[PDB]
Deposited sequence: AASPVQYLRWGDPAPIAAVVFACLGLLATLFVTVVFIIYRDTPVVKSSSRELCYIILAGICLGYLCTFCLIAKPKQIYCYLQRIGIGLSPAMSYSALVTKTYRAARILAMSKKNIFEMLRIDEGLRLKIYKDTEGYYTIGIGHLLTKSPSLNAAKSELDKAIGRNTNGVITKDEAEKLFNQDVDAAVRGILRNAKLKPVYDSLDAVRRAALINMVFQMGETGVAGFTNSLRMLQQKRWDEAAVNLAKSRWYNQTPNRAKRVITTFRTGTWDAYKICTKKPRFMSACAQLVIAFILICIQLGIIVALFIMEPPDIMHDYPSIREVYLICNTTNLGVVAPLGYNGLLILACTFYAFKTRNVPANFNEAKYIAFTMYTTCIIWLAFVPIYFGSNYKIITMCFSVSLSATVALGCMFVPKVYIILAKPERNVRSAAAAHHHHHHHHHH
């Protein structure tokens, strides 16, 4: 009984139980909210099937402390190794399929802007010079400002990853072009005149604004004071009429007409330009962890330590019984963090990606700090209980609590 150890002067078992119960309660509250309000734009936008797999992992995470703090029975040593290994794998492998899809969607958004300027601005697959003698390649991607041609091929190989001999491909010029777009968006966000208009426009019309920035510069796009105000108010027809009167339209009419048409429809007509698959891949990534656990059951069978007479249940789990599923879970965390950081600025689903990236930042530090803390500890059971509950609470508090707040507290925003 955890209450017996509390009055005896040890409040660790009773504290880990309350932690797990409160976590089970909050996990129960969060899940019911997503079941009831399943048809609301906030829940319908993200992957609903993957969230139930994440919440089930968090649920099993808090349940781990009930087999760590349990009576000396044999199946609990089996459930310990099966929960401390699978419950993180369930949450992280479902989250890696969510973050992987968010990155492929983001990569496809840059494929349509690259084809936009390949037709409008041009593209060279070998090194040239711009109007001021700076070595350049691709769609105006500056390589260096040194007069040495060997210096350009050096930076080019360092940017591509192979010996190019001064020649690249369309996919390699796109890799350099994505860096120029990221630098252009930062310049627009650092501009007081273009920042509000950029935030109101959708993904397609943002590309048309960036198209104008690449042709005329940030200070040149800021000159369309009236048209930018029309685009912000979603007066597309008025903006296209006003833009067709500009000197920019009369000097390069073949290009300005396509950018203007994009502002009109919000589509790519002026230019030539799975759900069940996520559950299967997540299911495959969970069975791999389970296969590791079952394989270690056969190598190192679970057994109750000693032949004793206690609240603490000591099993014969070795380092390999811990490190092998711990390392696989770590790989799931690295992959999650890689795609979460890659999409940290994606604003879809009420900035859902911002909260996922922050969750993986804390998860890495928590899991990294766990290795020296645990394997150097003489209270491994309790340090394991709090670690699993803390890591489960991070994912539940950072990813789901903000989404539940918007549902109940901000019904009109949703």
Should a student be asked to find the unmodelled regions, what ranges of the deposited sequence would be the right answer here? 1-2, 276-283, 320-322, 428-444
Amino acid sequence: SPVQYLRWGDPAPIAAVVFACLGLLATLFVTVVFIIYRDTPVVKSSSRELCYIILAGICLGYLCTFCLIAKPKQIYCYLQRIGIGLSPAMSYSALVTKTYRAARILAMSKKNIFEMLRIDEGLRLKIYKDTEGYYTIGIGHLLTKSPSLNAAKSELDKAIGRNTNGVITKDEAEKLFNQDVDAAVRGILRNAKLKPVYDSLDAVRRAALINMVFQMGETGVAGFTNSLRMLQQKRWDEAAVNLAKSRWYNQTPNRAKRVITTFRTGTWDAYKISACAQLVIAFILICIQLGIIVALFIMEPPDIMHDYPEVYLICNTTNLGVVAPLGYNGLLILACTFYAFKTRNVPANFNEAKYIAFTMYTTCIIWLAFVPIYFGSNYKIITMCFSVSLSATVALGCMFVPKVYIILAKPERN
From here on, numbers count along this sequence of modelled residues.
State whether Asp307, though modelled here, is left unmodelled in a third or more of the other entries compared. yes
Averaging C-alpha B-factors over each stretch, which comes out higher, 156-164 or 289-297? 156-164
Which is higher on mean Cα B factor in this entry, 174-182 or 84-92? 174-182
Please pick out which of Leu123, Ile333, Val311, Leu79 has the largest Cα B-factor as recorded in the entry. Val311
Based on the PDB record, which member of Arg247, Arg258, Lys193, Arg118 exhibits the highest Cα temperature factor? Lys193
Using the B-factors in the PDB entry, rank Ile406's C-alpha atom against the chain and give the third, lowest, middle or highest. highest
Once the chain's modelled residues are ordered by C-alpha B factor and cut into thirds, is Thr97 in the lowest, middle or highest one? lowest
Name the third of the chain's ranked CA B-factors that contains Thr383, choosing lowest, middle or highest. middle
Mind checking which third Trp367 falls in for C-alpha B-factor across the chain? lowest
Comparing against every modelled residue in the chain, figure out the third that the C-alpha B-factor of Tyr134 lands in (lowest, middle or highest). highest
